[PDB]
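Heads up, the thing below is written out as structure tokens.
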Amino acid sequence: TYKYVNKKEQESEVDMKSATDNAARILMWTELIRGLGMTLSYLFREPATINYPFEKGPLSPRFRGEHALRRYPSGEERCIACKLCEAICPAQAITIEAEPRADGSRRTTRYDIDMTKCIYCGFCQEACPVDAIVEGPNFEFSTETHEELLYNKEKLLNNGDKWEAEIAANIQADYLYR
Amino acid sequence: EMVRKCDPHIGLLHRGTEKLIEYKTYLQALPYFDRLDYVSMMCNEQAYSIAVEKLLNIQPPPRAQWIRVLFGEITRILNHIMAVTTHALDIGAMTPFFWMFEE
Amino acid sequence: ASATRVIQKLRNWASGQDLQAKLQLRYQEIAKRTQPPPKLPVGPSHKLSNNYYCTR
Amino acid sequence: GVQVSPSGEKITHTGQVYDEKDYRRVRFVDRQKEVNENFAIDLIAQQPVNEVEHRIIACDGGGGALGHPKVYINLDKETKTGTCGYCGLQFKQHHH
Amino acid sequence: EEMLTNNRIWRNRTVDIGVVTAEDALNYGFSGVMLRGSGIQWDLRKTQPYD
Amino acid sequence: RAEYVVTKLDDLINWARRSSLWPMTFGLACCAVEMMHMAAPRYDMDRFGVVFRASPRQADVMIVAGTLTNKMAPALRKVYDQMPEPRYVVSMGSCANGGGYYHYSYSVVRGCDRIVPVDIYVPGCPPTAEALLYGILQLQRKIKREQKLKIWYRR
Amino acid sequence: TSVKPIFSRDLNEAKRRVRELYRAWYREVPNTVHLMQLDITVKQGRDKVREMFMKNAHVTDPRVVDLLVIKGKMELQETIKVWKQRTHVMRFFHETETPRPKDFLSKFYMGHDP
Amino acid sequence: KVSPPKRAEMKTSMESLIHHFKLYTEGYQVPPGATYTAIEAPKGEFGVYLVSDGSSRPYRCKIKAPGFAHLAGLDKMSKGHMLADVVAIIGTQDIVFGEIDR
Amino acid sequence: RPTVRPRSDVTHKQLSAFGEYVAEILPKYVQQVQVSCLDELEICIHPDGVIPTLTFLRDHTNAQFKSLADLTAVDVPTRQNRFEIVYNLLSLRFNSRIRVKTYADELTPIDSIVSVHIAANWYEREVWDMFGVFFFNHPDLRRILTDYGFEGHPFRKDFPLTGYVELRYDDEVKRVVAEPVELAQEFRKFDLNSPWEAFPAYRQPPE
Amino acid sequence: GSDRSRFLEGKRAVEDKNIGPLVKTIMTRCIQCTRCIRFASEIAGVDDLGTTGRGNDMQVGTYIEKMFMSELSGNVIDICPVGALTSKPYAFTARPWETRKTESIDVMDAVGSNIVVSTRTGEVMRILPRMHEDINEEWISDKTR
Amino acid sequence: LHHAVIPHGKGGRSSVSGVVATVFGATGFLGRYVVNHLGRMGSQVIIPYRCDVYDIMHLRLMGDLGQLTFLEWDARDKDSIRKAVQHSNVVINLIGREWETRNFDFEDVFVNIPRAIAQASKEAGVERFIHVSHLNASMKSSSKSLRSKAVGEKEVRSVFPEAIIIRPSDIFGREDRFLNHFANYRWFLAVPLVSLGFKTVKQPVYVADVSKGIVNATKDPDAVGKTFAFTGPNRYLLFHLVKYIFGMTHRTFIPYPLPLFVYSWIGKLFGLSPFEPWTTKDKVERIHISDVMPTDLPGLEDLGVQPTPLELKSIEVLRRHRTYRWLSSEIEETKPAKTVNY
Amino acid sequence: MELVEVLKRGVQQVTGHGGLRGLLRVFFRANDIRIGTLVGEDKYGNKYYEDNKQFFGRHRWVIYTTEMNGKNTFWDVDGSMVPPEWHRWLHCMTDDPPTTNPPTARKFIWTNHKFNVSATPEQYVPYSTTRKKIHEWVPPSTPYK
Ligand SMILES: COC1=C(OC)C(=O)C(C/C=C(\C)CC/C=C(\C)CC/C=C(\C)CC/C=C(/C)CC/C=C(/C)CC/C=C(\C)CC/C=C(\C)CC/C=C(\C)CC/C=C(/C)CCC=C(C)C)=C(C)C1=O
Ligand SMILES: NC(=O)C1=CN([C@@H]2O[C@H](COP(=O)(O)OP(=O)(O)OC[C@H]3O[C@@H](n4cnc5c(N)ncnc54)[C@H](OP(=O)(O)O)[C@@H]3O)[C@@H](O)[C@H]2O)C=CC1
Ligand code: SF4
Ligand code: SF4
Ligand code: SF4
Ligand code: SF4
Ligand code: SF4
Ligand SMILES: [K+]
Ligand SMILES: [Zn+2]
């Protein structure tokens, strides 16, 4: 179906009272006064502004923030050097050079994520088969140099150790959907 | 002040999206469509998804289709809010911009 | 929501419309941020029988 | 456990320390080289061996879906413990 | 709508501005909102529905 | 003591320049959509004293918000150069930081720091408006740390 | 053998179009240098135009010569307007980059490049 | 073989893990062919002309943006008008330049 | 089958009948007519008949395709004419879509259809800018998406993804200057092709 | 194959072997296809590999602790379709989608066998054989591998 | 060579050139061009600074992702100098002032700081030390700055015996203090030259030429203790040079003979300033000291740099100082200055 | 009436922050005068008040500590000074503060939170964890033979 937005059905003819009403609308600026009243009501409403650094904006457990490498409860790193997160990374922001460790486990030696190249899409964390790489809730990690956003494995493991008390709770609240 | 000719030079946001898409896989090329029209992200995603679904000869489940329509109309409200309020901002009024941007 | 009766009357008259019924600040009617865990259904082709891939 | 090079900088869990004559230490001059103190190899070395009864033991990471893919380890060799490939957990058959 | 639609300043700014005929819109291939603004009854959600 | 008076005067001028930050009405893409979401009533930059000005002559910080194309780069450099002297640059989003999703494109400058000196990098694609406000406050702290009069006095 | 021409039947009128384009560029160089505040002189710009024509001056296919004329007309049009800026018109000179030397000793001293 | 399985099924099943691995490394192979899919986007008819050569990467992806045609028609709409109504016409055309430039 | 699309053999038959109709109306130019299993009609014509074919489809009474949806090019650099120019046309009267294909090489231009559809102006500018396909009788044919001094046509298959030059600010000349491209990362190509064929319906006969 | 599993039981597991410093054996993922057995019997001709047991318990390898070290012994790593027999020096370093392949020839043997050098990020990662029916057929020797 | 210093990589801006260099006057005027050339060819550049990070912001570009390491330093802190130079093949010294402050005078600036930098470089075992002196800073000169640069040249030679010593002439370029100084003479009534600008011969040299010479010196197999004279290709009288400057500026030109005694008085009056002085007594003395003929010293020609003439690279400096009437004038609108030989 | 009740809530807010010094402290640090239920007091000194009568977004807030990790954060309040559990509660991913539902304790979790350390000596600098991948040669120390 369809409807008209500006077409009128027939006409209301010409009448003295309707003419006086239109004349008063033109001369007395009635729609302008109406708009004044609308923004006056908005003046007397309560603003939606939050006090920013003390009241943060609401979020969700699915939120994609700063990347982190997680660990098992034993303390062993979850990552098993399988590289499919960098295979699925649409920006080619991950570099996963790897070799067998001293105990023979399959681990990484270089895990770099270029945060200036990353598009923050979560494909790595939804591709990871062991929940090693995650995108935790940190978003206030702006830096004063370009180099500080070129993360390596030490930086990512430090972020994982820093945010594990929140990342684990979010994954607990979220994993039944994914 | 009268305009005799308009010549819009574009390409100052041309980033070779089609070439990058042909260099990446389908799931990798999906979030480019979020950035084509960055006011109707779910709508562009739906367009690309329906194209790939038609090529794959598969159909999404009915719950997925209803969610896609719901977020399609959500994108439509977002885009028409943006269009109307920024049009009014270019005309000269900014209070509808602030109200509908809270929404 | 925390406005006096005189200010509410002034807002309603100035706007021309009732504002307390549809005010644009969310107070308590929204969902709780902590939700019970879900149990998502499995779709078709989880049948364990008569489910060969060549037929679908 | 972090160690200190004779140059002075710390050694990561993949020992990659810059040499004495390597110029790439001005990046650490007036700044720091951060090394994750919790070495996963030591943390998994100090984990005890699980005594189980069956010849084949199934391993997750400790959760149904929060762990790793569910694998099976065969503990037929009495000389060595069976280590799961995803975690570093070791299992030994309780043959008594 | 109350702030803009009946406002005479907005009406003087928008009415009879950028008038596109239906035939010109079809020839220029606008196809989105300019068609139904010029009166062309076309919407893909009604004519070629997908979901 | 001249050091104390110079330090307090420098703190005063840093307070003025950090309480009155006028970014330019200049964006490029989805990151600029989040920039005007930072202008939105929720995270009121005007409450912070941050208010856009259209001309670069009345601007203080360029918020590079979007993909800096090769065709765009002379325009961005000219606009930055046309600012008056105490000027800052906040790169916003992966495109302005290091190219991002279009890093290997033939037409994209791999980071706006190849073109203009960047003061603060804000990561994200897009960074949230909260994150951009975080970068703005971090810039305010950065220019609070500046000691121009003290460096002049010991010069 | 037996191809379709685009503007020119043979090489003579292709060279005629080349001469017309070169005349237009030669006339436009002083106006470009005056309008866009170029560091170069009029002699340098005309020598650069001659250099570009010379580096394209080894092709004997009429279609390719016509396409080069068309692209040169497009470049001349965006130089007639100020669509090209100072940076765009100074990109022809390569004032920043150091040219790679043509001798085997230098190309052996630096890089594994032929 | 098109959608990734659930994570629990991926961690407990062999076929699910194989398909997770292959979808997140290579991706699904789209059978070769070309389509033009048009969707009523809010700014207009948003079209994708997809050409697939049979591999897991698209051979060609043309994006038809409505704003391209609208801005091509901007000069026709701006006849007998001034700077202010040219600004109005730019506003009334639903224009975003990411989709126009691609 | 809840995971497979429906077929619509009725609209497949309708498009086949209309393909026969156009192919017998214009035998001078039509080289091939095909209808896909996705119910899309493609008509592959000689490049000389672009203007008559597009005019017939613009205003014929039974074929009112007055709206031009898309005009693009596909670079297939293994055939003799390496560019396939594709027109996607929309019929609002009959609620249909048609696709018209023609071919070109680097030295064979195609007549522009600006006299038929005005959107073809910018679309053919984009085709020329991205593929180097010249268009006859085009008003102000020039670049539309590349940089002003850009050399080469980047949507071609032989053009590199990163291009040949990159821009940076140089303080000595106080300009934005162009340099030969030097990546600090070197985009890693991935060989994501399975050595087993996936679709036996498209198995080509051996050479 | 299908897209799902109907298997609701526990999977078997096989203890690993120590066949040599070149071939790492994770025999849990062997599919009992006897390709290595046929190769080592016919081409390499050592007759050291075989099947011990019956049924689902049938295992591939040597019954004793045997050091399977002959020339042409990485070709079991080549012909094993699963990752039961992998290359110990090429342990966990790269992936095939990562590796760029350059088709070259071999030195330190005057046969001049055709090889593929799999590099990644400017570093030689692996040497695979090529197919030349007149020189080396499908396989190469241990020294060149 | 250590493996990270091998010059592998074509060209610059993303390659390794093995020219790890600590540039000490990088925050100034010649230093920005030197840092630009080093970062263009692709090199580790350590910049010790004492001004504001905002004042070094313009140097934060022209280096590719950590190729430029900025660190604070103090001229009275040997530990700061040592930590600046301890990882460097090459140390380049560009420290200088055109005036004297309350903390640092000419003797300290041109003697004590270069000696401390050379001593720290020698103790850290750097391979090359390039030190920028001035041409005709020989000895017994009329100005204190030239004598101080001579004494510092001797001190750097004594501490670091194989230090390259580069003596340019009065360097011209954008944001210089030579062409911009003579163009800023327009703000007064006339141009006060000594002896009407005659008997004073100068051959100014371009900034890009000097910086290219410094980069070719830090890569050159020769120059292991040599002294270079970086001069322009043409020698001009001072009157003809100032007349050419005002011709390119298109302002006006009224010269005025002023004796050097009262001109030094006026220079001292201008130099009495807490900010950067517009001119000083040492500045006018160096203005009216003639350049020496570079006879036996090598220069840009055998360091591989073609000296660009001022008549070529002059419009990019003096176009700022024109009015709107003469802003769009080319090179040919101004006749070149007469070149003397002497 | 309503006005006197508003004035009563106003004087409650004025005389609800301890004393005049506490009122001025919260007014010149947090730029608001509000009374909320104390639910926080974390280990670093952040306060974490809440008030469910306010609308969504202003119903939870933190008064930051004046000192954290040696930095005088009286005026330089930072968004990264919140430890992760209070970060989750403050950003409203859950309705449960980490006083009734504490997070799971692990030995590798940081016992001390660090804020944004950019432009500080404790900032992050990237490396190349590579171990050089190439060993050149060592010429002998004995001259000739
Ligand atoms: C889809 O496509 C796209 C677009 O399309 C729709 C885009 O748009 C687009 C670009 C997008 C952007 C650039 C985003 C930017 C955001 C917006 C455009 C929206 C935000 C809103 C606005 C810009 C409107 C703002 C509206 C307002 C009402 C704010 C008010 C602003 C003002 C300028 C007016 C108020 C004045 C001031 C702030 C300053 C006033 C103060 C002074 C000048 C001080 C002067 C006083 C004195 C000198 C007094 C001194 C005298 C004394 C005596 C004092 C004594 C002193 C002592 C020390 C003693 C992109 C990229 C895009 O993709
Ligand atoms: N420019 C010319 O015309 C000529 C110059 N020279 C010489 O070449 C050298 C470089 O020239 P130029 O660029 O013009 O010089 P500048 O005037 O630009 O200053 C050079 C650098 O010296 C630093 N500096 C000065 N005094 C001190 C100090 N007390 N402690 C620490 N650093 C200090 C400055 O740092 P900051 O900004 O922090 O103060 C600046 O970065 C100088 O030695 C100069 O004498 C020789 C011939 C001609
Ligand atoms: S979020 Fe996306 S772009 Fe970022 S690292 Fe993960 S896969 Fe790559
Ligand atoms: S982070 Fe996960 S997906 Fe990436 S290599 Fe490690 S285990 Fe694989
Ligand atoms: S970083 Fe992401 S959100 Fe920002 S401009 Fe680029 S594509 Fe858009
Ligand atoms: S070749 Fe591999 S899969 Fe086949 S029997 Fe041998 S070890 Fe098992
Ligand atoms: S990659 Fe192949 S061999 Fe390895 S575990 Fe998977 S199915 Fe088995
Ligand atoms: K194998
Ligand atoms: Zn395990």
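Residue numbers start at 1 in each chain; chains themselves are named A, B, ... in the order of the structure tokens; ligands are numbered from 1 in the order shown.
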inquiry  = Residues of stretch 14-161 of chain I classed as strand (DSSP E or B) by DSSP on the backbone are to be reported as a PyMOL selection string.
reply    = chain I and resi 30-35+41-45+67-75+83-91+96-104+110-111+135-136
Protein and nucleic acid residues within 7 Å of ligand 7 (only C-alpha atoms and all ligand atoms) as a PDB file with N, CA, C and O atoms, in the first residue's frame:
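So result.pdb came out as:
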ATOM      1  N   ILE H  18      36.433 -29.728  12.381  1.00  0.00           N
ATOM      2  CA  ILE H  18      36.971 -29.649  11.024  1.00  0.00           C
ATOM      3  C   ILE H  18      36.317 -28.507  10.260  1.00  0.00           C
ATOM      4  O   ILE H  18      36.990 -27.708   9.597  1.00  0.00           O
TER       5      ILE H  18
ATOM      6  N   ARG J  29      46.065 -40.049  15.756  1.00  0.00           N
ATOM      7  CA  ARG J  29      45.323 -39.561  14.608  1.00  0.00           C
ATOM      8  C   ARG J  29      45.597 -40.352  13.341  1.00  0.00           C
ATOM      9  O   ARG J  29      45.176 -39.931  12.263  1.00  0.00           O
ATOM     10  N   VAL J  82      46.899 -37.885   7.047  1.00  0.00           N
ATOM     11  CA  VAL J  82      46.658 -37.256   8.334  1.00  0.00           C
ATOM     12  C   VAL J  82      47.984 -36.782   8.906  1.00  0.00           C
ATOM     13  O   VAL J  82      49.045 -37.047   8.337  1.00  0.00           O
ATOM     14  N   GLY J  83      47.935 -36.055  10.015  1.00  0.00           N
ATOM     15  CA  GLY J  83      49.154 -35.646  10.681  1.00  0.00           C
ATOM     16  C   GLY J  83      49.690 -36.651  11.677  1.00  0.00           C
ATOM     17  O   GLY J  83      50.186 -36.267  12.738  1.00  0.00           O
ATOM     18  N   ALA J  84      49.584 -37.943  11.361  1.00  0.00           N
ATOM     19  CA  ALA J  84      50.161 -38.957  12.234  1.00  0.00           C
ATOM     20  C   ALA J  84      51.678 -38.953  12.152  1.00  0.00           C
ATOM     21  O   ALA J  84      52.359 -39.076  13.174  1.00  0.00           O
TER      22      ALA J  84
END
request  = Counting only C-alpha atoms and all ligand atoms, name the residues that have an atom within 7 Å of an atom of ligand 1; the answer should be given as an NGL selection string.
outcome  = (:B and (86 or 94)) or (:F and (25-30 or 32-33 or 35-36 or 39 or 51-53)) or (:H and (95-97))
Residues up to 6 Å from ligand 4, counting only C-alpha atoms and all ligand atoms: could you list those as a CSV table (one decimal) with N, CA and C atoms, in the first residue's frame?
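Saved to pocket-v2.csv:
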chain,number,residue,atom,x,y,z
A,79,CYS,N,46.8,-20.3,24.4
A,79,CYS,CA,47.1,-20.3,22.9
A,79,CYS,C,48.0,-21.4,22.6
A,80,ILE,N,47.7,-22.1,21.4
A,80,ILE,CA,48.3,-23.3,21.0
A,80,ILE,C,48.9,-23.1,19.6
A,81,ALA,N,49.1,-21.8,19.2
A,81,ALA,CA,49.9,-21.4,18.0
A,81,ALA,C,49.2,-22.0,16.7
A,82,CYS,N,47.9,-22.0,16.7
A,82,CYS,CA,47.2,-22.6,15.6
A,82,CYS,C,47.0,-21.6,14.4
A,83,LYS,N,47.2,-20.3,14.6
A,83,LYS,CA,47.2,-19.3,13.6
A,83,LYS,C,45.9,-19.0,12.9
A,84,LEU,N,44.8,-19.7,13.2
A,84,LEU,CA,43.6,-19.5,12.5
A,84,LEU,C,42.9,-18.2,12.8
A,85,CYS,N,43.3,-17.6,13.9
A,85,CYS,CA,42.8,-16.2,14.2
A,85,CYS,C,43.4,-15.2,13.2
A,127,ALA,N,36.9,-17.1,16.4
A,127,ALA,CA,37.5,-18.2,15.7
A,127,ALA,C,38.4,-19.1,16.6
A,128,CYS,N,38.9,-18.5,17.7
A,128,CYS,CA,39.8,-19.2,18.6
A,128,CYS,C,39.2,-20.4,19.2
A,129,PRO,N,39.8,-21.6,19.0
A,129,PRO,CA,39.1,-22.8,19.5
A,129,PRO,C,39.3,-23.1,21.0
A,130,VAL,N,40.2,-22.3,21.7
A,130,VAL,CA,40.5,-22.6,23.1
A,130,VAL,C,40.2,-21.3,23.9
A,132,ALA,N,41.6,-18.4,23.7
A,132,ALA,CA,42.8,-17.8,24.1
A,132,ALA,C,42.8,-16.3,23.8
A,133,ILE,N,42.6,-15.9,22.6
A,133,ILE,CA,42.5,-14.5,22.3
A,133,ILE,C,41.1,-14.0,22.6
Name all residues at most 9 Å from residue E:50 (count only C-alpha atoms; drop same-chain ones fewer than 5 positions away) and give them as an mmCIF file with N, CA, C and O atoms, in the first residue's frame.
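What landed in out-v3.cif:
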data_model
loop_
_atom_site.group_PDB
_atom_site.id
_atom_site.type_symbol
_atom_site.label_atom_id
_atom_site.label_comp_id
_atom_site.auth_asym_id
_atom_site.auth_seq_id
_atom_site.Cartn_x
_atom_site.Cartn_y
_atom_site.Cartn_z
ATOM 1 N N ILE B 50 22.408 -11.432 1.592
ATOM 2 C CA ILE B 50 21.423 -11.982 0.670
ATOM 3 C C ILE B 50 22.072 -12.314 -0.667
ATOM 4 O O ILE B 50 21.735 -13.325 -1.295
ATOM 5 N N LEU E 44 11.379 -1.486 -2.997
ATOM 6 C CA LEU E 44 11.812 -2.861 -3.210
ATOM 7 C C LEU E 44 11.225 -3.809 -2.177
ATOM 8 O O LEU E 44 10.970 -4.975 -2.491
ATOM 9 N N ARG E 45 10.978 -3.323 -0.958
ATOM 10 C CA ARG E 45 10.360 -4.144 0.076
ATOM 11 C C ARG E 45 8.933 -4.544 -0.271
ATOM 12 O O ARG E 45 8.420 -5.515 0.291
ATOM 13 N N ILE H 39 18.710 -4.312 -2.477
ATOM 14 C CA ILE H 39 17.995 -4.215 -1.213
ATOM 15 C C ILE H 39 17.593 -2.765 -1.013
ATOM 16 O O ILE H 39 18.376 -1.852 -1.297
#
ask   = Between I:180, I:160, I:109, I:49, which is the closest to chain K once you count only C-alpha atoms?
value =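 Selected residue with least distance to chain K: I:180.
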ask   = Which residue gives the smallest distance to chain I among F:142, F:77, F:71, F:103, with only C-alpha atoms counted?
value = F:71
Surrounding residues of residue C:40 excluding itself and chain neighbours under 4 positions, 10 Å, only C-alpha atoms, as a count of residues only = 3
Nearby residues (only C-alpha atoms) at most 12 Å from residue G:10, same-chain spacing under 6 positions excluded, as a list in words = residues 3, 4, 16, 17, 60, 61, 62, 63, 64, 65 and 66 of chain G
task = Would you list, as an MDAnalysis selection string, the residues of chain B that end up in alpha helix (DSSP H) under DSSP run on this structure's backbone?
result = chainID B and resid 17:23 26:36 41:56 62:91 95:102
query = How many Å lie between atom CA of residue C:1 and atom CA of residue E:3, rounded to one decimal?
reply =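 If I compute the distance from atom CA of residue C:1 to atom CA of residue E:3, I get 23.7 Å.
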Sorted by chain and rising residue number, which residues of chain K lie within 7 Å of chain F, and what are their closest atom pairs and distances in Å to one decimal, counting only C-alpha atoms, as CSV?
residue,atom,partner,partner_atom,distance
K:51,CA,F:151,CA,6.1
K:52,CA,F:148,CA,6.4
K:57,CA,F:117,CA,6.1
K:58,CA,F:117,CA,6.1
K:60,CA,F:117,CA,6.0
K:61,CA,F:117,CA,5.6
Since we have the selection now, will you write its residues out, keeping N, CA, C and O atoms, as a PDB file, in the first residue's frame?
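Writing the result to result29.pdb gives the following:
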ATOM      1  N   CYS K  51      63.870  21.491  24.864  1.00  0.00           N
ATOM      2  CA  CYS K  51      62.686  22.321  24.709  1.00  0.00           C
ATOM      3  C   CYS K  51      61.446  21.473  24.967  1.00  0.00           C
ATOM      4  O   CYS K  51      61.521  20.350  25.471  1.00  0.00           O
ATOM      5  N   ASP K  52      60.282  22.004  24.625  1.00  0.00           N
ATOM      6  CA  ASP K  52      59.041  21.302  24.892  1.00  0.00           C
ATOM      7  C   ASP K  52      58.791  20.207  23.861  1.00  0.00           C
ATOM      8  O   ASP K  52      59.272  20.262  22.720  1.00  0.00           O
ATOM      9  N   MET K  57      57.401  18.477  18.252  1.00  0.00           N
ATOM     10  CA  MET K  57      56.314  17.779  17.567  1.00  0.00           C
ATOM     11  C   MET K  57      56.506  17.739  16.057  1.00  0.00           C
ATOM     12  O   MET K  57      56.155  16.741  15.421  1.00  0.00           O
ATOM     13  N   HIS K  58      57.061  18.798  15.463  1.00  0.00           N
ATOM     14  CA  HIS K  58      57.271  18.808  14.020  1.00  0.00           C
ATOM     15  C   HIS K  58      58.303  17.788  13.567  1.00  0.00           C
ATOM     16  O   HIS K  58      58.334  17.447  12.383  1.00  0.00           O
ATOM     17  N   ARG K  60      58.267  14.769  14.956  1.00  0.00           N
ATOM     18  CA  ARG K  60      57.736  13.467  15.344  1.00  0.00           C
ATOM     19  C   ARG K  60      57.320  12.650  14.131  1.00  0.00           C
ATOM     20  O   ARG K  60      57.344  11.416  14.178  1.00  0.00           O
ATOM     21  N   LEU K  61      56.960  13.312  13.035  1.00  0.00           N
ATOM     22  CA  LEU K  61      56.828  12.638  11.749  1.00  0.00           C
ATOM     23  C   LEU K  61      58.206  12.518  11.112  1.00  0.00           C
ATOM     24  O   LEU K  61      59.211  12.606  11.818  1.00  0.00           O
TER      25      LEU K  61
END
Site check for ligand 3: residues at most 7 Å away, only C-alpha atoms and all ligand atoms, as a list in words =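 Those within range of ligand 3 are residues 85, 86, 88, 89, 90, 91, 92, 93, 94, 113, 118, 119, 120, 121, 122, 123, 124 and 125 of chain A.
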Please write the residues from the selection above to a file, keeping C-alpha atoms, as an mmCIF file, in the first residue's frame.
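Saved result, out-v5.cif, follows:
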data_model
loop_
_atom_site.group_PDB
_atom_site.id
_atom_site.type_symbol
_atom_site.label_atom_id
_atom_site.label_comp_id
_atom_site.auth_asym_id
_atom_site.auth_seq_id
_atom_site.Cartn_x
_atom_site.Cartn_y
_atom_site.Cartn_z
ATOM 1 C CA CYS A 85 42.796 -16.198 14.178
ATOM 2 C CA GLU A 86 45.326 -14.508 11.907
ATOM 3 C CA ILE A 88 40.483 -15.093 9.663
ATOM 4 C CA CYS A 89 41.747 -11.605 10.607
ATOM 5 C CA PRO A 90 40.287 -9.378 7.871
ATOM 6 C CA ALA A 91 42.913 -6.678 8.428
ATOM 7 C CA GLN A 92 45.961 -9.005 8.682
ATOM 8 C CA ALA A 93 46.688 -7.425 12.059
ATOM 9 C CA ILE A 94 48.077 -10.550 13.776
ATOM 10 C CA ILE A 113 48.479 -7.519 17.125
ATOM 11 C CA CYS A 118 42.871 -3.997 13.722
ATOM 12 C CA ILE A 119 39.230 -3.219 12.954
ATOM 13 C CA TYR A 120 37.947 -4.577 16.298
ATOM 14 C CA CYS A 121 35.614 -7.125 14.754
ATOM 15 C CA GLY A 122 36.017 -10.033 17.166
ATOM 16 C CA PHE A 123 36.632 -12.582 14.423
ATOM 17 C CA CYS A 124 39.773 -13.750 16.216
ATOM 18 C CA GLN A 125 37.933 -14.306 19.490
#
task = Output as a ChimeraX atom specification the set of chain I residues within 8 Å of chain J, with distances taken over only C-alpha atoms.
result = /I:188-192
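Residues in contact with ligand 9 (atom pairs separated by at most 7 Å; only C-alpha atoms and all ligand atoms) are residues 59, 60, 61, 68, 84, 85, 86, 87, 88 and 89 of chain D.
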Next, write the just-selected residues to a file, as a compact mmCIF listing (two decimals), in the first residue's frame, keeping N, CA, C and O atoms as the atom set.
# COMPACT_ATOMS: atom_id res chain seq x y z
N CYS D 59 40.38 -35.04 28.49
CA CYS D 59 40.79 -33.74 28.99
C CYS D 59 40.02 -32.63 28.30
O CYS D 59 39.89 -32.63 27.07
N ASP D 60 39.49 -31.72 29.10
CA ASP D 60 39.07 -30.38 28.72
C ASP D 60 40.00 -29.38 29.40
O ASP D 60 41.01 -29.75 30.01
N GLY D 61 39.66 -28.11 29.31
CA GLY D 61 40.41 -27.13 30.05
C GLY D 61 39.90 -26.85 31.44
O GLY D 61 40.43 -25.97 32.12
N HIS D 68 39.28 -26.34 26.43
CA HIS D 68 39.75 -26.64 25.09
C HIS D 68 38.92 -27.77 24.50
O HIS D 68 38.04 -28.31 25.17
N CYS D 84 48.20 -33.69 28.07
CA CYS D 84 47.27 -33.24 27.05
C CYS D 84 47.92 -32.15 26.21
O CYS D 84 48.70 -31.35 26.72
N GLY D 85 47.63 -32.15 24.91
CA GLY D 85 48.32 -31.25 24.01
C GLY D 85 47.88 -29.80 24.11
O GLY D 85 48.66 -28.91 23.79
N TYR D 86 46.65 -29.56 24.55
CA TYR D 86 46.14 -28.19 24.61
C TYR D 86 46.55 -27.50 25.90
O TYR D 86 47.20 -26.45 25.87
N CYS D 87 46.19 -28.08 27.04
CA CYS D 87 46.70 -27.63 28.34
C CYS D 87 48.08 -28.22 28.54
O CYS D 87 48.70 -28.70 27.59
N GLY D 88 48.60 -28.17 29.75
CA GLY D 88 49.83 -28.89 30.01
C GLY D 88 49.63 -29.92 31.10
O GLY D 88 50.59 -30.34 31.75
N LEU D 89 48.38 -30.32 31.31
CA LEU D 89 48.06 -31.21 32.40
C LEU D 89 48.54 -32.63 32.11
O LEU D 89 48.40 -33.14 31.00
message = Which residues are near ligand 6 - at most 8 Å, using only C-alpha atoms and all ligand atoms? Format: as number ranges by chain.
response = J: 25, 27, 29-37, 60-61, 76-77, 79-85
